[PDB]
Every structure is written in structure tokens, then in C-alpha cells.
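Tertiary structure, described
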Amino acid sequence: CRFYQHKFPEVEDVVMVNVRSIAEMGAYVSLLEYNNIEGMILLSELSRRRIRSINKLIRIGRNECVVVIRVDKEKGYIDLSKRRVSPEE
Amino acid sequence: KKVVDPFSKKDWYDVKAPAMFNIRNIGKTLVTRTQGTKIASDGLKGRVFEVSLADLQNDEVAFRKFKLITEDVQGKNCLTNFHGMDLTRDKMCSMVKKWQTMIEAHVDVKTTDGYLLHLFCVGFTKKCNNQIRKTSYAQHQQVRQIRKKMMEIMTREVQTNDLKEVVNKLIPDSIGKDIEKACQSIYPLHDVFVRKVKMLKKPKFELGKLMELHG
Amino acid sequence: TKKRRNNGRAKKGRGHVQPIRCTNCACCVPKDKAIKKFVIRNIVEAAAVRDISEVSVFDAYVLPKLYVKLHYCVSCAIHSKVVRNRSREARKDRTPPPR
Amino acid sequence: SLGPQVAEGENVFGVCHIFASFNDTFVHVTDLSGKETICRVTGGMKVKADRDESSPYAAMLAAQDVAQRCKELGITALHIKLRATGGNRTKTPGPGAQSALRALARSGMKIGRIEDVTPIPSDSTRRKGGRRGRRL
Amino acid sequence: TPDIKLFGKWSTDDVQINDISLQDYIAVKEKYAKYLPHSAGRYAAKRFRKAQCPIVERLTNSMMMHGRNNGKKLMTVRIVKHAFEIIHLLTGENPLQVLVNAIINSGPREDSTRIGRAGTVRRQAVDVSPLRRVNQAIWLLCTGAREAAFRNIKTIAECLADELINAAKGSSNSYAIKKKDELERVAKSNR
Amino acid sequence: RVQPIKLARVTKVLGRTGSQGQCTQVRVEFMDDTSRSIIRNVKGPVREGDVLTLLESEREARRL
Amino acid sequence: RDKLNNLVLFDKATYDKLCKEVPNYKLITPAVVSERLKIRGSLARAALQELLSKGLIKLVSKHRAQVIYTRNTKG
Amino acid sequence: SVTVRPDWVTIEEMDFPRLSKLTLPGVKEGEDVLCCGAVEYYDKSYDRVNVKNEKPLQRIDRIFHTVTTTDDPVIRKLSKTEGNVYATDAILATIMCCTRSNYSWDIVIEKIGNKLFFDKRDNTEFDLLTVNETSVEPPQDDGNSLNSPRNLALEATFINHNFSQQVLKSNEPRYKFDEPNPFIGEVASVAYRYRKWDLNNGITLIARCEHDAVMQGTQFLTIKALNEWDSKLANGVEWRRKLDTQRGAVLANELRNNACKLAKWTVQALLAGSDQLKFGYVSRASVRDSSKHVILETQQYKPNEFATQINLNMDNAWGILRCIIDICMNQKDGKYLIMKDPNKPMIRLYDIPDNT
């Protein structure tokens with residue numbers, strides 16, 4: 001499972017997710033600090049500036065250092081942030 | 001990085017207009033606790049209170065922001081003294097309009113009190129009783145002359161009538177109408193409005209008068 | 001030829017005038033060759049007045065007005081359509097549209 | 001430092017000093033003199049977005065939290081001091097001025113008085129920009 | 001029957017239509033008392049004909065998608081009337097009323113329309129139509145039915161009944177509860 | 001910051017607007033306080049009257 | 001995509017469980033049986049016919065695609 | 001409603017936001033102490049009244065009883081058995097939906113001993129059906145005009161009495177529970193239900209509650225009539241043209257405009273406990289003819305479905321009733337007034353003499 005005794009991320013939890021498969025609006029990315037728990041990204045707010053490209057050789061399987069905006073402990077939806085990130089390198 | 005709870009350290013000071021205002025207690029200010037570890041008497045008695053007349057008089061107007069230096073804080077009561085009245089922006093730029101002669105008068109005039117005041121004014125023209133001109137002007141000679149009477153009566157009434165009586169003239173513009181009336185043989189002058197009052201000198205010797213201002 | 005007769009606005013009775021920037025582009029244009037604009041507008045505009053005037057208590061005082069005199073350069077008057085392309089027969093017209 | 005005598009039942013006035021500008025909308029209420037502010041909350045305090053700090057929705061978050069802490073601290077009424085940029089500048093407030101005053105009206109802070117606080121020069125000192133500027 | 005007309009094997013009565021906006025877009029017993037969901041074989045003759053079609057009949061309509069399954073309502077109404085049976089043996093409730101509750105918790109409240117702001121993505125907090133709220137309810141209900149059956153021992157009726165029951169009371173195991181909330185997420189979101 | 005859900009019925013459609021003319025301008029009077037009348041937009045096609053479940057009156061949905 | 005197999009053997013361990021999971025059973029389709037057990041879904045049908053023959057469960061649907069059973073009359 | 005006499009001791013104000021914040025959870029249902037009267041079956045073929053085939057409103061020559069607590073003998077018969085607060089359905093609906101009223105209502109709380117006889121004075125402007133109270137603009141025409149607040153309220157009360165007996169199977173046998181109607185073919189086909197509520201703060205509540213109809217599903221009905229007089233002037237939507245894809249929205253376009261009246265119609269069904277709470281779209285024949293009326297649609301709802309829709313909380317509605325009783329049971333004896341201000345949204349307890 002995970003070595004965290006806690007099950008879920010918290011509010012503004014900077015988490016390391018796993019980019020499994022890219023989906024319609026974004027990608028259902030799964031945490032690995034907490035076990036395998038799915039989170040989501042864009043449409044709303046992950047990017048900050050506009051240069052209009054995403055990948056050249058970046059194939060699959062990435063990891064995103066993202067910050068939990070919303071977490072659904074019952075329903076199972078973890079909204080993630082990088083637009084807020086000035087310091088969370 | 002650093003926040004505090006300074007609202008365990010502020011004290012409430014009843015901001016007092018003088019008793020020539022029918023509302024004396026204007027309001028209350030949580031001033032940080034004046035003490036040895038935290039001196040705030042300069043941000044207590046150096047407080048200039050910029051308040052409009054509506055909470056000062058009880059309401060002829062709700063413009064005309066008086067500045068109020070607090071000559072003495074007397075036991076959680078900011079017994080203020082007058083500093084400078086205004087005619088604030090919405091009231092001030094309403095009268096400013098094209099196709100009129102904008103007439104102005106800046107004076108720097110000592111009170112009968114120890115206070116040097118500045119008084120800047122504004123004035124405007126009318127479209128008269130039968131006037132078919134779109135605008136309202138005259139010769140520049142009349143423009144200069146109206147300003148001379150406007151400075152004259154303004155220096156006169158503030159040299160007389162010590163500071164609180166300057167406060168007790170100029171809310172319906174006691175200087176105002178006589179500049180219109182004396183010029184009415186030349187130009188009846190639909191506007192005279194003194195707008196920028198700036199206290200140029202402020203000695204504290206009128207603490208008994210501050211008790212005569214208040215109470 | 002003169003594509004405009006007054007060339008934005010005339011400078012007759014004046015040999016030379018003072019210039020002005022654009023209020024939204026800071027571009028140097030003369031005073032009587034630019035597009036001026038007065039704005040008399042509430043400070044309490046109709047988005048807030050349905051909630052301000054209800055919470056405006058001890059307030060029998062009327063709604064205040066903001067007084068702004070705008071001055072555009074011609075380049076940012078046209079693309080923003082402060083002024084815009086009219087016909088040359090309409091270009092004779094010295095008429096501002098009403099407010 | 002709670003309210004003066006009560007935190008509700010009286011209108012002890014605070015003054016708004018709302019510096020509504022572009023790319024932030026400061027809602028920043030002081031004592032009646034001005035020297036002693038309470039609630040240092042910017043429009044981008046709530047949403048540090050660096051393009052939405054003057055936006056209406058973030059200012060509704062900003063003004064109501066100020067409006068919360070005002071009626072928390074016995075200030076139950078506000079003289080509206082809605083400021084533009086002021087000075088020899090653009091002197092125009094941002095979009096977070098209409099909704100935020102509407103928001104604090106919805107929050108519950110009373111308004112007795114409305115007055116304009118924007119400073120304008122007499123055409124004082126020079127402006128940023130050369131002759132061309134951003135050419136359009 | 002001339003006193004009250006019911007469903008083919010259930011009752012149009014004892015149906016609890018319990019939303020605020022969705023009155024008279026959800027009706028099975030009010031004017032739409034039908035043993036057999038089929039009006040005339042067309043439902044896009046008018047914009048009015050949407051609210052004319054009940055939700056029990058549009059379900060037989062909005063299922064037959066996916067071109068090999070298009071043009072087959074007789075397979076559908078079979079599987080649809082199969083799916084009501086699979087509701088009641090899991091619930092005990094009126095499976096129409098389960099379906100009627102399934103439109104309720106699957107209908108959104110506020111959604112978002114696209115808008116532009118400084119090149120950045122913002123979306124306007126807007127309501128949708130209670131016509132659309134039904135149409136966003138049914139289409140998300142019709143999506144999880146054929147999909148979950150498509151590589152499973154369960155037929156569409158077993159997946160659709162699980163789709164209705166978990167949307168009759170939002171369990172986030174039906175597709176319609178899970179996708180409504182993402183639509184409603186953007187309204188309180190951007191700008 | 002936070003406010004409860006307001007049921008404002010449609011009084012009048014104010015138009016179908018947007019880029020494509022599909023964002024339905026609607027006068028949703030508040031339905032609970034008859035003096036409050038707010039104006040919002042609808043994504044979908046609305047014929048009037050129907051009670052729109054406004055989760056907010058903030059973030060004022062206006063012309064586009 | 002998907003690769004699943006149930007036990008495609010007639011399984012006593014599933015069927016004795018099926019005889020003993022039967023009060024949890026009220027919606028009894030063979031696919032439910034093939035998922036509550038590891039019986040095939042084909043062989044779920046014949047096992048439920050045996051469980052029908054016990055009279056514990058009762059047919060409520062019989063379609064050529066799939067039958068549905070139901071344990072005793074109302075519950 | 002009435003002149004505030006100088007011998008009326010004003011007791012305690014109850015503002016409507018004050019009554020909006022009260023709550024009383026865990027209130028027991030009405031235990032039927034006595035069910036007296038006679039209700040006819042419902043003509044289920046009256047569902048064949050719709051947007052292109054209407055039905056003219058039929059005046060039904062029957063005796064209608066809206067009899068107050070101190071004049072209802074069987075409330076006074078059950079005054080000895082159970083209860084300390086005695087009321088009717090029209091009185092408690094006016095009490096529970098007090099906060100939605102704009103026009104004035106008065107209810108005598110005639111405290112006699114350790115009892116609160118919630119009385120209405122006979123022949124007042126209390127049992128009428130006020131029209132467009134909570135609109136943006138109520139009908140501002142003078143009393144001589146048919147478009148006045150009174151002549152429409154007289155019309156709506158004239159409509160609903162004719163309607164609720166028209167929809168009954170008027171010449172088929174009546175569903176009598178235990179007793180006949182204790183206030184007598186001649187009577188209106190109505191049946192009263194006297195029920196018991198413990199109000200938590202220890203008030204055993206007995207109240208008159210009535211069913212309009214029964215309907216063979218047997219389903220109890222409460223049936224009211226919605227008026228349309230001139231919807232161009234009523235500032236609502238015109239009914240007759242579409243009424244169908246909106247259909248609940250044309251219903252919704254009267255809810256804000258008539259907030260107090262229809263929510264009182266909800267409480268009277270909830271006080272009685274009907275099985276289907278029905279309402280009738282009844283419009284005029286022509287818009288300036290306030291006597292000829294036509295039923296447009298007899299629309300059926302459940303009472304819990306209709307209470308779901310419009311605007312209602314019961315913990316508030318019991319909490320308002322917990323508030324008013326605990327004031328009145330603790331004040332003076334004799335007749336009272338809980339009186340609505342005609343122009344202000346609040347109600348006040350008066351202490352009047354028994355001569356009024």
C-alpha cells in the first residue's frame with residue numbers, strides 16, 4: 001500500500017502523483033506517496049503562462065509534483081495545483 | 001512568514017468633535033496600547049482625523065471632509081481640534097465644467113488663534129437670465145477682479161473669527177455669498193466655494209480652548 | 001491631397017500647441033489634434049448598487065459621481081473604436097454622438 | 001482588543017482605504033485617522049494568481065474576510081473609500097471594486113457614507129513611455 | 001386502466017418526483033401514463049417534443065447509440081424492461097421511481113460555459129436548463145450502461161440498473177453521479 | 001466567500017448570447033425576496049419561468 | 001484490452017457457496033453469480049437451475065440472452 | 001385588518017427574521033383524536049382538462065364552514081379530552097406561514113384557563129384568499145375596480161369554494177370516517193380531522209384539519225384553486241397559450257407573486273395529511289370579467305412533493321408555533337390578537353378585551 005500511516009493527502013498537500021494515462025480534460029494521475037490514489041489536473045488551473053506546447057520526446061509515465069486543492073475522501077477525486085506553486089519546486 | 005495578534009493590544013479612543021459640532025463623539029478607534037513596550041501616543045494625539053461633516057455636525061451635508069488633529073486625548077476620548085475642511089472630489093469636480101470661467105483663490109491666512117491656515121477656493125459663472133450664449137465668460141479683466149475680492153474676503157474672515165469660528169462660518173460659505181453679492185453689480189457669480197483648507201501652523205496652547213471647543 | 005480637412009481637429013488661431021499622450025497607449029499626439037472625452041460616471045455603478053444601497057444605512061446622501069477627462073491617441077482611438085472609420089462625406093461632420 | 005463597548009448594536013466607523021488598482025485590489029481598513037490599519041488583505045492575498053489579483057471574484061474573497069474581521073473587531077460600519085491608482089498614473093480602479101463592495105454589503109458591514117478618494121495632479125512630473133510607446 | 005394507466009410491469013403511480021427545477025420534465029404518471037414507451041417513433045419534430053417525451057421513453061431512445069446498436073429499440077425496450085426488474089430485486093422500490101430519482105441526482109445545478117480571460121482559461125458560472133439537467137442526467141446514465149457491459153458478464157440491463165440505483169441515491173458507482181460533479185466543479189471554479 | 005444555494009426562478013429570458021448566440025441571458029428574479037432581481041446566463045436552451053438553482057449570485061453572469 | 005476468465009469448470013466450492021450465499025441473493029442473474037463466485041456465467045445458469053430445483057430461488061426472467069432468478073418469494 | 005384599539009395591551013413583537021431563525025426538530029405527527037365529516041370521491045376524468053380543452057368553473061350551491069375554535073363545538077368537545085392549544089388549519093397555516101404574509105391578518109388567542117383557544121373573529125379578512133401579496137407590484141387598483149386587492153381576494157375565495165366542490169363527485173356517496181359533519185347535501189362535502197401534536201416544550205396541540213376529497217387510487221386529497229384574472233396586469237406569465245413544456249414553470253410564476261397563500265395551502269394539507277395535494281388552474285373567461293371562470297388544468301401533486309418544491313421548513317414552522325404558544329400560554333387570559341402589520345413584515349401579540 002504505502003508507508004504513510006495516513007491514507008489520503010490533505011489540503012494544500014504537495015504530492016507526487018504518477019501520470020498513468022492522459023484523459024479527456026487532463027490525466028487521472030495516481031499518488032504514490034499515498035498508495036495508488038487517483039487525482040486530477042486541468043481544465044482549470046495547473047499552468048501559469050502561455051507558450052503553447054507540452055511535449056517533444058516525453059512519452060508516458062511521468063510524475064507531477066502537484067498541490068492538492070480539493071480532495072474527496074469519500075468520492076475519490078483529488079484536485080491538484082501547479083499554478084499556485086511559486087515555492088513548491 | 002510573520003503574523004501577530006495585535007488585537008489583544010489595541011485600546012478604543014472615542015474620537016470627539018468639538019461641541020460646536022452637535023455630534024461630538026465621531027467614532028472610536030482601536031489605537032494600539034500606548035505604553036512603554038508599545039508607544040502609540042503619537043499615533044493617538046498626532047492623529048489627524050479626516051472626517052466628513054455628516055458624522056460631525058449631524059448632517060447638513062455628507063461631503064466637506066474636515067481634518068481633525070487631536071489636540072488632546074483625555075481619558076480614552078480623542079478630543080479633536082480642527083485642522084482642514086474639504087469639498088471632496090465628487091462634490092468638487094461636479095462644479096468643474098467646460099464653457100465657464102473657473103475662478104480660483106488661494107490664500108494663506110493666520111487665524112485669530114495661533115493657527116496659520118491656507119484656504120484655496122473655487123468659483124464659477126452662470127448662464128444668466130436672458131443669456132443665449134452657450135458659454136459664460138467675460139473679459140479677463142473681470143476674471144482678475146473677481147479673484148481679488150475672493151482673496152480679500154477670505155483673508156478677512158479668517159484673520160478674524162478664531163479657528164473654531166472659521167469652522168462656524170464656512171459650511172454655508174459665509175465668505176462665499178458676499179463675493180457673489182459685491183460682484184453682482186458686475187457679475188452675479190454662480191459659484192464661490194472654498195475647498196482646500198490646510199493648517200500651516202499648529203501650536204498647542206489652546207488646551208483650555210480645546211476644553212472650550214469641547215464639553 | 002488632404003484626406004482630412006481639420007486633420008483630426010483644427011489648429012487655427014494657434015500657431016503651435018501642447019502635445020498629449022494616450023490615456024491607454026501613452027502615444028504623443030497634440031492637444032487639439034487628439035480625441036478628448038469627459039466621463040461623468042457613478043462611483044457606485046449598477047453592479048453593486050442593488051446591494052450597496054440596501055446596506056447603505058444612515059445614508060440618505062445621493063449617489064456620488066466620478067469625473068474623468070480622457071484623452072486618446074488616434075491609433076488607440078481607432079482600434080479600440082473610440083473613433084472609427086466613417087465615410088468621407090461623414091468625415092465633414094464635426095458632430096459628437098450623444099451620451 | 002475586542003470591540004469598543006460592543007461588537008454589534010452600534011456603528012463604530014472604520015474607513016475603507018480600498019486601493020483598488022490594476023493587478024491587485026487592496027482592501028485595507030484603517031482607524032479614522034488612517035495611521036492604524038487593520039486587515040492587511042490584498043485582492044491577491046486570497047488568490048495569489050499574479051493576473052487575477054485585481055479580478056472581481058478574488059476581491060469578493062478579499063473584502064468579505066476584511067468585512068468578517070471588521071465586524072469581529074467592533075467596527076460595524078464603513079465609510080467607503082474606494083481609491084483608484086491615483087496620482088499622475090493610470091488612476092483607474094480595477095474590476096475588483098464593484099463586486100467586492102457588493103460582497104462586503106452581502107457580508108454585513110454597514111455603509112454610512114460614500115465619497116471619492118482618487119488623487120489627480122495638476123499635470124505634474126513626467127510619464128513612463130517614450131514618444132512611440134506601444135504602437136498600434 | 002381508464003382510472004389509472006401504469007407501466008408495463010410496474011406502476012407509474014407511487015413515483016416521487018423530488019427535484020426543484022425538474023418538474024414537468026420528469027413525468028410518468030402526470031400525462032405520460034404509459035405501459036409502452038413509444039410515442040410515434042420521432043422525438044425531434046419540435047423543441048417542444050423533448051418535454052413531451054417522458055424520461056422513461058427517452059431512456060429507450062437515448063440508449064440505442066453505437067451504430068451496431070442503433071436502429072434497435074426492440075432490443076432496447078427488452079433490455080430496459082429487463083433493467084427495471086434488476087432494480088427491484090436489488091431495491092424493492094418502484095424501478096420507475098428509482099429511475100425517476102436517478103434523473104434527480106444526475107441533473108446538475110450550475111455548470112460552466114466557455115469564456116476568455118487574458119489568454120487564460122476561465123469559465124462562466126452559469127445554470128443549465130432543467131431540460132438540459134434532464135438531458136445531462138439521461139446521457140450520463142446511458143453512457144455507463146453499455147460501457148460497463150461491453151467486456152463483462154453483465155448485460156446492459158444489469159449495468160443500467162446499477163446505473164439507476166447508484167444515481168437514484170448518489171453512490172458514485174454509477175457513471176452519472178461521477179460526471180455530473182465534474183460539470184458542477186467548474187462553476188464554483190475558474191473566475 | 002461562501003453563501004447558500006439560492007432558488008431564483010426565471011422571470012424573463014433576456015436573450016440568447018455568447019459567441020454563437022447560445023448563452024441564454026436570463027432575468028432570474030430571486031423568487032424569495034421580490035425586490036431582488038439578479039441577472040445570470042444559461043448554457044442550455046430555456047423557455048421561461050423554470051426555477052434555476054443558483055449556487056451563487058456572486059461572479060455575476062452578465063453579457064458576453 | 002480486457003482479459004478475464006472465470007472458472008470454466010462446474011465448481012462445487014462455488015456452488016456450495018452459491019447454496020449458502022443464497023440469503024444475500026435476491027437479484028440473481030448468472031452474471032451476478034459468475035461475479036459473486038468464480039463460476040463461468042454459462043455454468044452459473046445450470047447451477048442456478050439446480051438452485052431453482054432446490055426451490056430456494058425462483059425465475060423472474062428467462063430471456064435467451066440471460067435469465068434472472070430470485071430467492072424466496074419476496075425475500 | 002382592524003383598528004388597534006387603545007385597550008389592546010401590546011405584548012411582544014415577533015419579527016419575521018426572528019421567526020425565520022427558530023427551529024424545533026423532532027415533532028410528532030398528528031395522532032387522530034377525532035375524524036368527523038363527509039368527503040365525496042374524486043372524478044378522475046377531470047384530468048381531461050388541459051390547455052386546449054378547458055372546463056367552466058361551476059358554482060356549487062353548498063354550505064361552507066370555516067368555523068373558529070371558540071365556535072367549533074367539537075374542538076370544544078375535545079377541549080376536555082386532550083390538548084392545551086386549540087386551533088384550526090386556516091389559523092395554524094396563517095401562523096406557520098406568517099413570515100410570508102404582507103397583508104394584515106389577525107388571530108384571537110383567547111386564553112381561557114390553561115388553554116389557548118386560537119380563535120378567529122367571525123367574518124373578518126382572514127379566511128379570504130389574498131391575491132399577489134408578495135409581487136413586485138400588487139394590484140394597486142381601488143376597491144371599486146375588479147382589479148383591486150379585495151375584489152380579487154373575494155374572487156379567489158369565490159373560485160376555490162366553487163372549484164373544490166366541483167372536482168368532487170358531487171352526487172356520489174361520501175367517505176365518512178367516523179362521524180358526519182357536526183355543523184349540520186346542503187353542506188359542502190368536507191370532513192374534519194382533529195389531531196394531536198406534542199410540541200416539545202410540552203404543548204399538546206389539537207387543531208381542526210380538513211380533507212377536500214378522497215380519490216380511488218383510496219387517496220385523501222387537498223384541492224385548491226389558482227386564479228388568473230389578467231396576467232398582463234398581474235405581472236406573471238399568460239397561462240393558456242403554452243402551459244406544457246414550462247408546465248411547472250407557469251406554476252413557478254405564481255410562487256413568488258403568491259408566497260403566503262400557497263404556502264398556507266401547503267400547511268393545511270400537511271396539517272390534515274392528504275395523500276395527493278392537488279391544485280387547479282382556473283382563469284377568467286375574459287380578463288376583465290371576474291365572475292365567468294374556466295378551469296384550465298386540475299394539476300395533481302403529492303403533499304410531500306409539493307412541500308418539496310416551493311418554500312417550506314417545518315422545524316421553523318413548529319418553532320414559530322413553539323414561540324407563539326409559549327408567549328400566549330404565559331400571558332393574560334381572555335381574547336388576544338396576534339396581528340400582522342399591513343405594511344411591515346412583523347407580527348405582534350396584543351391583549352384585547354373579550355368584548356372585541
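- Going by the header, the method for this PDB entry is cryo-EM, and the resolution given is 6.30 Å.

**Examining empty space enclosed by the protein**
- A volume near 600 Å³ is recorded for the largest cavity.
- Considering the residues around the largest cavity, the lining is formed by 37 residues, among which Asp127, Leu129, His161, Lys224 and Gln268 of chain H are closest to the centre.
- The residue inventory of the lining of the largest cavity, partitioned by class, reads 13 nonpolar, 14 polar and ten charged.
- Roughly 60 Å³ of internal volume is contained in the second largest cavity.
- As for the second largest cavity, its lining consists of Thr101, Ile103, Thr125, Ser136, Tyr137, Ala138, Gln142, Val143, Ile146 and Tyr187 of chain B.
- Top element by residues in the lining of the second largest cavity is helix α4 (residues 140-159) of chain B. It accounts for three residues.

**Quick look at the packing of aromatic side chains**
- A full pass over the atoms with the stated rule returns 19 aromatic pairs over all chains.
- Seen in terms of ring centroids, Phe21 of chain B and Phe66 of chain B are 5.7 Å apart; in terms of plane orientation they differ by 80°. Their pairing is edge-to-face. A residue pair is termed long-range when its members are at least 10 positions apart, and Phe21 of chain B in the loop between β1 (10-16) and β2 (25-32) and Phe66 of chain B in strand β4 (residues 65-73) qualify at 45 residues. Comparing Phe21 of chain B with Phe66 of chain B, the two get one shared label, buried.
- One aromatic cluster in this structure is built from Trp265, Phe279, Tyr301 and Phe306 of chain H.
- Its guanidinium or amino end placed over the ring of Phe7 of chain B, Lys10 of chain B lies 3.6 Å from that ring's centre, counting from NZ or CZ.

**A closer look at the layout of surface pockets**
- Taken as a whole, the second largest pocket spans an internal volume of roughly 1,700 Å³.
- Forming the walls of the second largest pocket are 50 residues, and the residues nearest its centre are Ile69 and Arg70 of chain A together with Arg185, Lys188 and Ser189 of chain E.
- For the lining of the second largest pocket, the secondary structure elements donating two or more residues are β4 (63-71) of chain A, α2 (56-72) of chain D together with β1 (110-117), β2 (120-127), α5 (130-149) and α7 (175-188) of chain E.
- Sorting elements by how many residues they give to the lining of the second largest pocket places α7 of chain E first, with nine residues.
- In terms of residue class, the lining of the second largest pocket is made up of 19 nonpolar, six polar and 25 charged.

**Focus: the side chain of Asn132 of chain H**
Residues and elements named next belong to chain H.
- Locating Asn132 in the fold gives a position in the loop between β6 (116-119) and α4 (149-166).
- Taking relative accessible area as the criterion, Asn132 reaches 2% and is therefore assigned buried.
- Of note is the side chain of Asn132, whose polar atom sits 3.5 Å from the side chain of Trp229.
- Those residues within four positions of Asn132 in sequence are excluded, and the remaining contacts are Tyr103, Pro138, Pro139, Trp229, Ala234, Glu254, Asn257 and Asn258.

**Structural notes on the packing of α2 of chain D against helix α3 (residues 98-107) of chain D**
Residues and elements named next belong to chain D.
- Interhelical geometry of α2 versus α3 gives an angle of 35° and a closest axis separation of 8 Å. Note that α2 runs across α3; the crossing there is right-handed. Each of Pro56, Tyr57, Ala59, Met60, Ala63, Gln64, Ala67, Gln68 and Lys71 in α2 lies in contact with α3, whose residues at this interface are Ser99, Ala100, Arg102, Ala103, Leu104, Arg106 and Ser107.
- The class makeup of the residues in the contact of α2 with α3 is nine nonpolar, four polar and three charged.

**Let's talk about the interface of chain B and chain D**
- On the chain D side, the residues contacting the 29 residues of chain B number 26 residues.
- Both faces considered, chain B and chain D share a buried interface measuring about 2,300 Å² in area, 54% of it formed by carbon and sulfur atoms.
- Together, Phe7, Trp12 and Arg89 of chain B form the three largest contributors to the area buried by chain B at its contact with chain D, with a combined 28%.
- Counting the contacts that link chain B with chain D gives four salt bridges.
- Between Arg47 of chain B and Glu36 of chain D there is a salt bridge; the shortest N-O distance is 2.6 Å.

Cut-offs and rules
Residues numbered from 1 in each chain as written, not as in the entry; some residues may be left out. Chains lettered and ligands numbered in written order. Part of a larger assembly, values for the part shown. Heavy atoms only, no water. 1 Å grid on protein atoms, 1.4 Å probe; cavity = no way out; pocket = protein on both sides within 12 Å on 5 of 7 lines; lining within 4 Å. Points joined across faces, edges and corners; volume = space filled by probe spheres on them. Nonpolar A, V, L, I, M, F, W, Y, C, P; charged D, E, K, R; others polar. Helix = DSSP H or I, 4+ residues; strand = E, 2+ residues; numbered from the N terminus. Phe/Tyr/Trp six-rings, centres within 6.5 Å; stacked < 30°, edge-to-face > 60°. Buried < 20%, exposed > 50% of the residue type's maximum accessible area, 1.4 Å probe, protein only. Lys NZ or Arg CZ within 6 Å of the ring centre and 35° of its normal. Polar contact = N/O pair within 3.5 Å; in protein donor to acceptor, adjacent residues only side chain to side chain. Contact = heavy atoms within 4.5 Å. Axes fitted to C-alpha atoms, helices over the stretch in contact; angles between N-to-C directions. Left-handed = near helix turned anticlockwise from the far one by under 90°. Buried area = accessible area lost by both parts, 1.4 Å probe. Salt bridge = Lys/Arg side-chain N within 4 Å of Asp/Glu carboxyl O.

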